[PDB]
Amino acid sequence: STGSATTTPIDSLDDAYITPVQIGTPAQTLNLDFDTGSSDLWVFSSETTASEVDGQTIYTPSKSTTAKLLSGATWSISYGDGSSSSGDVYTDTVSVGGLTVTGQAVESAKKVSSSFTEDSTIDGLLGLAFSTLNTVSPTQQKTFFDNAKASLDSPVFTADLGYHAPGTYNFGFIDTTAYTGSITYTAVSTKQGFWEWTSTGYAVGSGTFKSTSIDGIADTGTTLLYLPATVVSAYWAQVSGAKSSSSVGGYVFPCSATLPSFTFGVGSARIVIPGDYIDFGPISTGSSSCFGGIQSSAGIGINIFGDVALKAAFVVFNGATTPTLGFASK
(Lines give C-alpha, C1' and ligand atoms only; values in the text may rest on other atoms or scores of the structure.)
Protein backbone atom coordinates (compact mmCIF):
# COMPACT_ATOMS: atom_id res chain seq x y z
CA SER A 1 0.00 0.00 0.00
CA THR A 2 0.87 3.68 -0.21
CA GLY A 3 -0.53 7.01 0.90
CA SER A 4 -0.07 10.61 -0.25
CA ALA A 5 -1.38 13.75 1.46
CA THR A 6 -0.84 17.47 0.90
CA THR A 7 0.60 19.47 3.79
CA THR A 8 -0.22 23.19 4.03
CA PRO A 9 1.45 26.01 5.95
CA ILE A 10 -0.71 27.38 8.79
CA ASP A 11 0.29 30.97 8.11
CA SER A 12 2.32 33.22 5.79
CA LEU A 13 5.57 32.50 7.65
CA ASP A 14 5.45 28.68 7.42
CA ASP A 15 5.36 28.50 11.24
CA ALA A 16 4.07 24.92 10.94
CA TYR A 17 2.31 22.68 8.43
CA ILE A 18 -1.03 20.88 8.71
CA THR A 19 -2.12 17.69 6.99
CA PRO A 20 -5.67 16.33 6.91
CA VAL A 21 -6.20 12.98 8.69
CA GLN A 22 -9.35 10.86 8.75
CA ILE A 23 -10.19 9.38 12.18
CA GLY A 24 -12.97 6.96 12.97
CA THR A 25 -16.14 5.74 11.31
CA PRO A 26 -17.73 7.72 9.75
CA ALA A 27 -14.57 9.69 9.17
CA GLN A 28 -13.82 12.74 11.30
CA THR A 29 -11.23 14.86 9.47
CA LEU A 30 -8.75 16.73 11.66
CA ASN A 31 -5.79 18.82 10.53
CA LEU A 32 -2.72 17.49 12.29
CA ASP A 33 0.87 18.68 12.63
CA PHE A 34 3.06 15.83 11.34
CA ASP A 35 6.00 15.82 13.71
CA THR A 36 9.13 13.70 13.06
CA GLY A 37 10.41 14.87 16.47
CA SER A 38 7.75 13.13 18.57
CA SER A 39 5.83 9.88 18.72
CA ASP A 40 2.27 10.52 19.94
CA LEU A 41 -0.83 10.92 17.77
CA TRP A 42 -2.97 13.21 19.92
CA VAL A 43 -6.05 15.26 19.18
CA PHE A 44 -8.37 17.94 20.47
CA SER A 45 -11.52 16.07 21.42
CA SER A 46 -14.97 16.13 23.02
CA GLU A 47 -13.07 15.39 26.24
CA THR A 48 -10.85 18.48 26.14
CA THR A 49 -11.58 21.04 28.88
CA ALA A 50 -14.02 23.43 27.19
CA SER A 51 -12.11 26.62 28.06
CA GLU A 52 -9.01 25.16 26.35
CA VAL A 53 -10.73 24.73 22.97
CA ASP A 54 -10.77 27.86 20.75
CA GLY A 55 -11.68 27.09 17.13
CA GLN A 56 -10.08 23.66 16.73
CA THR A 57 -11.90 20.74 15.17
CA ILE A 58 -12.44 18.00 17.77
CA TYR A 59 -12.51 14.20 17.62
CA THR A 60 -15.60 12.74 19.32
CA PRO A 61 -14.93 9.05 20.02
CA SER A 62 -18.55 8.34 21.00
CA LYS A 63 -19.61 9.16 17.42
CA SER A 64 -17.14 6.66 15.93
CA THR A 65 -18.42 3.10 15.65
CA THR A 66 -14.85 1.78 15.42
CA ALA A 67 -13.51 3.66 18.47
CA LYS A 68 -12.57 1.54 21.50
CA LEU A 69 -11.37 2.83 24.86
CA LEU A 70 -7.85 1.64 25.65
CA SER A 71 -8.70 0.82 29.22
CA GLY A 72 -6.37 2.15 31.88
CA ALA A 73 -4.23 4.06 29.41
CA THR A 74 -3.11 7.65 29.90
CA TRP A 75 -0.61 9.92 28.17
CA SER A 76 1.18 13.16 28.99
CA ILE A 77 3.72 15.05 26.92
CA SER A 78 5.90 18.14 27.13
CA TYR A 79 7.59 19.53 24.02
CA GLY A 80 10.90 21.37 23.58
CA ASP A 81 8.97 24.64 23.34
CA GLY A 82 7.52 24.31 26.85
CA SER A 83 4.05 23.35 25.58
CA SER A 84 2.16 20.29 26.89
CA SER A 85 -1.00 18.13 26.84
CA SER A 86 -2.43 14.98 28.45
CA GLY A 87 -5.41 12.65 28.47
CA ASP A 88 -6.70 9.15 27.80
CA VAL A 89 -6.52 6.82 24.80
CA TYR A 90 -8.81 5.21 22.20
CA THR A 91 -7.95 2.86 19.36
CA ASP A 92 -9.57 3.70 16.04
CA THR A 93 -9.16 3.64 12.27
CA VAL A 94 -6.85 6.38 10.98
CA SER A 95 -6.27 7.20 7.31
CA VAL A 96 -3.75 9.56 5.73
CA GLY A 97 -3.99 10.24 2.02
CA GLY A 98 -5.54 6.88 1.20
CA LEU A 99 -3.43 4.76 3.60
CA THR A 100 -5.46 3.17 6.41
CA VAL A 101 -4.35 1.81 9.79
CA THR A 102 -6.86 -0.01 11.97
CA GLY A 103 -6.30 -0.10 15.73
CA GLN A 104 -4.22 3.09 15.81
CA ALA A 105 -3.80 4.64 19.24
CA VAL A 106 -5.54 8.01 19.16
CA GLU A 107 -4.63 9.98 22.28
CA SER A 108 -7.55 12.15 23.32
CA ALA A 109 -6.61 15.38 25.09
CA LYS A 110 -8.29 16.19 28.36
CA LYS A 111 -5.91 19.10 28.90
CA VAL A 112 -3.77 21.17 26.50
CA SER A 113 -1.36 24.03 27.22
CA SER A 114 -2.15 27.59 26.22
CA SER A 115 -0.02 27.61 23.09
CA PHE A 116 -2.19 24.88 21.61
CA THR A 117 -5.45 26.56 22.56
CA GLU A 118 -4.20 29.79 21.02
CA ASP A 119 -3.48 28.13 17.67
CA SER A 120 -6.84 27.53 16.03
CA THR A 121 -5.28 25.90 12.95
CA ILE A 122 -3.73 22.81 14.59
CA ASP A 123 -6.18 20.08 15.74
CA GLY A 124 -3.43 17.82 17.14
CA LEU A 125 -0.12 16.13 16.37
CA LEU A 126 0.81 12.99 14.44
CA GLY A 127 4.19 11.80 15.65
CA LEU A 128 6.63 10.20 13.24
CA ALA A 129 9.73 9.75 15.41
CA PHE A 130 10.47 6.28 16.85
CA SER A 131 7.85 4.51 18.94
CA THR A 132 10.26 4.33 21.89
CA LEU A 133 9.32 7.96 22.63
CA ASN A 134 5.57 7.32 22.80
CA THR A 135 4.18 8.44 26.17
CA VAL A 136 1.18 6.10 26.60
CA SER A 137 1.23 4.29 29.97
CA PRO A 138 1.16 1.46 31.03
CA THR A 139 1.46 0.07 27.49
CA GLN A 140 3.50 2.17 25.06
CA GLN A 141 1.81 2.55 21.69
CA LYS A 142 3.12 2.55 18.10
CA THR A 143 3.18 5.48 15.71
CA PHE A 144 1.03 5.59 12.58
CA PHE A 145 4.16 4.84 10.49
CA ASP A 146 5.20 1.91 12.68
CA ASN A 147 1.69 0.43 12.37
CA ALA A 148 1.60 0.92 8.59
CA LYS A 149 5.16 -0.13 7.84
CA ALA A 150 4.75 -3.83 7.06
CA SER A 151 1.86 -3.11 4.69
CA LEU A 152 3.67 -0.38 2.74
CA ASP A 153 5.27 -1.13 -0.63
CA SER A 154 8.53 0.14 0.89
CA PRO A 155 9.03 0.94 4.62
CA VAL A 156 9.59 4.68 4.08
CA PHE A 157 7.87 8.02 4.22
CA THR A 158 8.97 11.27 2.60
CA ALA A 159 8.64 14.93 3.53
CA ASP A 160 8.52 17.54 0.81
CA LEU A 161 7.69 20.80 2.60
CA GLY A 162 6.98 23.92 0.60
CA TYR A 163 8.32 27.44 0.99
CA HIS A 164 5.29 29.66 1.43
CA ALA A 165 3.34 26.92 -0.36
CA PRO A 166 1.82 23.48 0.11
CA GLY A 167 3.91 20.34 -0.04
CA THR A 168 3.51 16.59 0.32
CA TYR A 169 3.93 13.69 2.74
CA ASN A 170 4.15 10.32 1.01
CA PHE A 171 4.05 6.89 2.63
CA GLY A 172 5.41 3.71 1.07
CA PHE A 173 7.09 5.12 -2.04
CA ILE A 174 9.62 7.59 -3.39
CA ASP A 175 8.27 10.01 -6.02
CA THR A 176 11.21 10.32 -8.39
CA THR A 177 9.63 13.37 -10.09
CA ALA A 178 9.74 15.38 -6.84
CA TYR A 179 13.47 16.10 -6.61
CA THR A 180 16.47 16.93 -8.79
CA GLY A 181 19.73 14.99 -8.94
CA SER A 182 20.23 12.05 -6.60
CA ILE A 183 19.21 11.26 -3.05
CA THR A 184 22.16 11.04 -0.68
CA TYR A 185 21.56 8.71 2.24
CA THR A 186 23.16 9.17 5.63
CA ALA A 187 23.29 7.14 8.85
CA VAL A 188 20.72 7.47 11.62
CA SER A 189 21.07 6.95 15.35
CA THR A 190 17.85 5.94 17.09
CA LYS A 191 19.42 6.04 20.58
CA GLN A 192 17.42 9.13 21.61
CA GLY A 193 14.31 8.09 19.64
CA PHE A 194 14.81 10.73 16.96
CA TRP A 195 15.82 10.76 13.31
CA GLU A 196 19.31 11.77 14.42
CA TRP A 197 22.13 12.15 11.91
CA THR A 198 25.43 13.98 11.40
CA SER A 199 25.81 16.77 8.86
CA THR A 200 29.27 17.07 7.29
CA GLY A 201 29.47 20.87 7.53
CA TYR A 202 28.18 24.21 6.32
CA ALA A 203 28.75 27.28 4.17
CA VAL A 204 27.39 30.83 4.48
CA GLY A 205 26.34 32.40 1.19
CA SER A 206 29.08 32.06 -1.43
CA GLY A 207 31.65 31.33 1.29
CA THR A 208 33.87 28.29 1.48
CA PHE A 209 32.49 25.10 2.96
CA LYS A 210 33.59 24.30 6.53
CA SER A 211 33.98 20.57 7.10
CA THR A 212 32.81 19.80 10.61
CA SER A 213 30.46 17.22 12.11
CA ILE A 214 27.09 18.55 13.27
CA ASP A 215 24.91 16.00 15.03
CA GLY A 216 21.22 16.90 14.97
CA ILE A 217 17.67 15.74 14.32
CA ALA A 218 15.42 15.97 11.29
CA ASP A 219 12.34 17.50 12.91
CA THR A 220 9.31 18.52 10.84
CA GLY A 221 7.61 19.73 14.05
CA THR A 222 10.16 22.49 14.71
CA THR A 223 9.90 25.70 12.68
CA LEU A 224 13.49 26.94 12.69
CA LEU A 225 17.05 25.71 12.19
CA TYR A 226 18.89 25.43 15.52
CA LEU A 227 22.67 24.98 15.27
CA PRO A 228 25.75 25.50 17.47
CA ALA A 229 26.46 29.06 18.58
CA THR A 230 29.71 29.19 16.55
CA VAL A 231 27.89 28.30 13.31
CA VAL A 232 25.01 30.69 13.99
CA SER A 233 27.38 33.55 14.83
CA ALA A 234 29.24 32.99 11.56
CA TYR A 235 25.97 33.21 9.64
CA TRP A 236 24.61 36.40 11.19
CA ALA A 237 28.02 38.12 10.98
CA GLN A 238 27.32 38.26 7.23
CA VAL A 239 24.08 40.21 7.73
CA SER A 240 24.66 43.89 8.28
CA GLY A 241 22.86 45.16 11.36
CA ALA A 242 22.03 41.69 12.68
CA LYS A 243 22.44 41.03 16.37
CA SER A 244 21.45 38.64 19.10
CA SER A 245 18.78 40.15 21.31
CA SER A 246 18.34 38.66 24.76
CA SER A 247 14.99 40.44 25.15
CA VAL A 248 13.64 39.00 21.89
CA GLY A 249 15.39 35.67 22.49
CA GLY A 250 17.53 35.29 19.42
CA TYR A 251 19.06 36.88 16.36
CA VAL A 252 17.12 39.70 14.71
CA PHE A 253 18.00 41.80 11.66
CA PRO A 254 16.69 44.75 9.62
CA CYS A 255 14.55 43.53 6.77
CA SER A 256 16.31 46.00 4.48
CA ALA A 257 19.24 43.59 4.84
CA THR A 258 19.87 40.88 2.26
CA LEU A 259 20.05 37.39 3.78
CA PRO A 260 22.73 35.05 2.48
CA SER A 261 21.92 31.43 1.77
CA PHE A 262 23.00 28.71 4.19
CA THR A 263 24.36 25.39 2.91
CA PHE A 264 24.51 22.21 4.96
CA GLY A 265 26.35 19.00 4.09
CA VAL A 266 24.85 15.53 3.68
CA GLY A 267 27.85 13.32 3.08
CA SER A 268 29.58 14.83 0.04
CA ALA A 269 26.28 16.40 -1.11
CA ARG A 270 25.04 19.92 -0.34
CA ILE A 271 21.59 21.33 0.48
CA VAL A 272 21.23 25.07 -0.10
CA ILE A 273 18.72 27.00 2.01
CA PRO A 274 17.89 30.24 0.11
CA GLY A 275 18.25 33.44 2.12
CA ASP A 276 14.50 34.18 1.95
CA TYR A 277 13.75 30.96 3.88
CA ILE A 278 15.57 32.47 6.89
CA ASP A 279 13.27 35.56 7.19
CA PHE A 280 10.52 35.18 9.82
CA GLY A 281 9.22 38.72 9.61
CA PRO A 282 8.72 41.57 12.06
CA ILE A 283 9.18 40.73 15.73
CA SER A 284 5.95 42.67 16.32
CA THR A 285 3.48 44.28 13.93
CA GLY A 286 4.99 47.43 12.44
CA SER A 287 8.54 46.73 13.65
CA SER A 288 11.51 47.15 11.37
CA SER A 289 13.32 44.38 13.27
CA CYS A 290 12.89 40.94 11.70
CA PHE A 291 13.29 37.55 13.40
CA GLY A 292 15.92 35.18 12.06
CA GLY A 293 15.28 31.58 11.03
CA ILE A 294 18.69 30.26 12.09
CA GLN A 295 19.16 30.36 15.85
CA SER A 296 21.48 28.91 18.47
CA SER A 297 20.80 25.45 19.90
CA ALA A 298 22.83 26.27 23.02
CA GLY A 299 20.83 25.13 25.99
CA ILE A 300 18.47 23.00 23.88
CA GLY A 301 21.02 20.24 24.21
CA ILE A 302 20.55 19.12 20.62
CA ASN A 303 20.83 20.61 17.15
CA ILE A 304 17.53 20.68 15.23
CA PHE A 305 17.16 20.59 11.47
CA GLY A 306 13.65 22.02 11.53
CA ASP A 307 11.39 23.22 8.73
CA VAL A 308 13.79 25.99 7.59
CA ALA A 309 16.29 23.31 6.61
CA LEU A 310 13.95 20.47 5.62
CA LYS A 311 11.82 22.56 3.25
CA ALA A 312 14.95 23.15 1.14
CA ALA A 313 15.12 19.40 0.45
CA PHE A 314 13.21 16.28 -0.48
CA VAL A 315 13.70 14.15 2.62
CA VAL A 316 13.42 10.37 2.88
CA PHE A 317 12.71 8.83 6.26
CA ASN A 318 13.79 5.26 5.60
CA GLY A 319 12.38 2.87 8.18
CA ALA A 320 14.30 -0.21 7.03
CA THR A 321 15.64 -2.56 9.72
CA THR A 322 18.54 -0.14 9.97
CA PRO A 323 16.95 3.26 9.48
CA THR A 324 18.62 5.95 7.35
CA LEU A 325 17.79 9.46 6.11
CA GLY A 326 17.97 10.61 2.51
CA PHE A 327 18.26 14.20 1.24
CA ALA A 328 17.89 15.52 -2.32
CA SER A 329 17.76 19.02 -3.73
CA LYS A 330 14.52 19.99 -5.46
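Reading the values: rules and limits
Residues numbered from 1 in each chain as written, not as in the entry; some residues may be left out. Heavy atoms only, no water. Residues with missing side-chain atoms left out of burial classes, pairs and counts. Core = buried A, V, L, I, M, F, W, Y, C linked by side-chain atoms within 4.5 Å. Buried < 20%, exposed > 50% of the residue type's maximum accessible area, 1.4 Å probe, protein only. Helix = DSSP H or I, 4+ residues; strand = E, 2+ residues; numbered from the N terminus. Domains from an automatic or database assignment. Contact = heavy atoms within 4.5 Å. Pairing = 2+ DSSP bridges. Axes fitted to C-alpha atoms, helices over the stretch in contact; angles between N-to-C directions. Disulfide = S-S within 2.5 Å. Salt bridge = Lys/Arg side-chain N within 4 Å of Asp/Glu carboxyl O. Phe/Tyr/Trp six-rings, centres within 6.5 Å; stacked < 30°, edge-to-face > 60°.

- Method of determination for the deposited model, per the PDB record: X-ray crystallography, at 1.4850 Å resolution.

### Overview of the nonpolar core
Here is step 1: The biggest cluster of nonpolar side chains holds 67 residues, and the ones touching the most others in it are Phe171, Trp236, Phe262, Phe264, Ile273 and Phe327.
Here is step 2: Sort the elements by how many residues they give to this core and helix α3 (residues 229-236) lands first, with four residues.
Here is step 3: Shared between two domains, this core holds at least three residues of each, these being domain 1 (5-174) and domain 2 (175-330).
Here is step 4: Those residues within four positions of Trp236 in sequence are excluded, and the remaining contacts are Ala242, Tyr251, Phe253, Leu259, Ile278, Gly292, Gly293 and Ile294.
Here is step 5: Listed in part, the 16 residues of the second largest apolar core include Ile77, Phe116, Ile122 and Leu125.

### Concerning the sheet that holds strand β19 (residues 279-282)
Here is step 1: Read from one edge to the other, the open sheet built from four strands follows the order β15-β16-β20-β19, with strand pairing classed as antiparallel. Bordering the open sheet on either side are β15 (243-245) and β19, each of which pairs with just one other strand. Taking the axes of each pair of neighbouring strands and ignoring which way they run, one obtains an average angle of 40° across the sheet.
Here is step 2: The pairing of β19 with strand β20 (residues 289-292) spans two bridges and is classified as antiparallel. For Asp279, the partnering residue across the bridge sits in β20 and is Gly292.

### Some remarks on the state of the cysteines
Here is step 1: Under the criterion given, the structure shown has one disulfide.
Here is step 2: Disulfide pairing places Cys255 opposite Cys290 at an S-S distance of 2.0 Å. Disulfide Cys255 to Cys290: torsion about the S-S bond roughly 110°, handedness right-handed. Here the residue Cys255 occupies a position in the loop between β16 (250-254) and β17 (262-266), and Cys290 occupies one in strand β20, the gap between them amounting to 35 residues.
Here is step 3: With relative accessibility at 3%, the residue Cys290 sits in the buried group.

### A short note on the sheet that holds strand β21 (residues 294-296)
Two pairing modes exist for strands in a sheet, parallel and antiparallel, and in both the strands are linked by backbone hydrogen bonds.
Here is step 1: Strand order in this open sheet of seven strands is β18-β17-β12-β13-β22-β14-β21, and the pairing throughout is mixed. Across the chains shown, the open sheet's two edge strands, defined by having one partner strand only, are β18 (269-273) and β21. Each neighbouring strand pair of the sheet contributes to a mean axis angle of 45°, computed without reference to strand direction.
Here is step 2: Looking at chain direction, strand β14 (residues 225-227) and strand β22 (residues 303-305) are connected through two bridges and run antiparallel. Within β22, the residue paired with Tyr226 across the bridge is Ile304.
Here is step 3: Relative to the sheet, α3 contacts β12 (196-204), β13 (210-218), β14, β17 and β21, its axis offset from that of β21 by approximately 140°.

### Observations regarding the domain arrangement of the protein chain
By a widespread convention, an interface's size corresponds to the accessible area lost as its parts come together.
Here is step 1: Domain boundaries in the protein chain define domain 1 (5-174) and domain 2 (175-330).
Here is step 2: The C-alpha centroid of domain 2 is placed 25 Å from the C-alpha centroid of domain 1.
Here is step 3: If you look at the interface, domain 1 gives 30 residues, while domain 2 gives 33 residues.
Here is step 4: Counting residues per element, the side of domain 1 that touches domain 2 draws most heavily on strand β9 (residues 156-160), at five residues.

### Looking at the side chain of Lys311
Here is step 1: Tracing the sequence through the fold places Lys311 in the loop between α4 (307-310) and β23 (314-318).
Here is step 2: Ignoring anything within four residues of it in the chain, the contact list for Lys311 reads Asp14, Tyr17, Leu161, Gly162, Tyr163, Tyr277 and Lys330.

### What about the pairing of β13?
Here is step 1: Alignment of β12 against β13, held across six bridges, turns out to be antiparallel. If you follow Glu196 over to β13, its bridge partner there is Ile217.
Here is step 2: Between β12 and β13, which pair antiparallel one after the other, the connecting turn spans five residues, and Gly205 there sits at a positive phi close to 55°.

### Some thoughts on the pattern of salt bridges
Here is step 1: A complete count under the given rule lists two salt bridges for this structure.
Here is step 2: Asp14 is the partner of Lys311 in a salt bridge, and the nearest nitrogen-oxygen pair spans 2.7 Å. With a gap of 297 residues between them, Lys311 in the loop between α4 and β23 and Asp14 in the loop between β1 (3-9) and β2 (17-23) connect regions that are remote in the sequence. For the pair formed by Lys311 and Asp14, the shared burial category is buried.

### Brief notes about the packing of aromatic side chains
Here is step 1: For the structure on display, the rule yields 25 aromatic pairs.
Here is step 2: On the numbers, 5.9 Å between centres and 5° between planes, the contact of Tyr202 with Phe262 is stacked. Linking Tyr202 in strand β12 with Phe262 in strand β17, this pair joins segments that are 60 residues apart in sequence. Accessibility classification places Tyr202 together with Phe262 in one group, the buried group.

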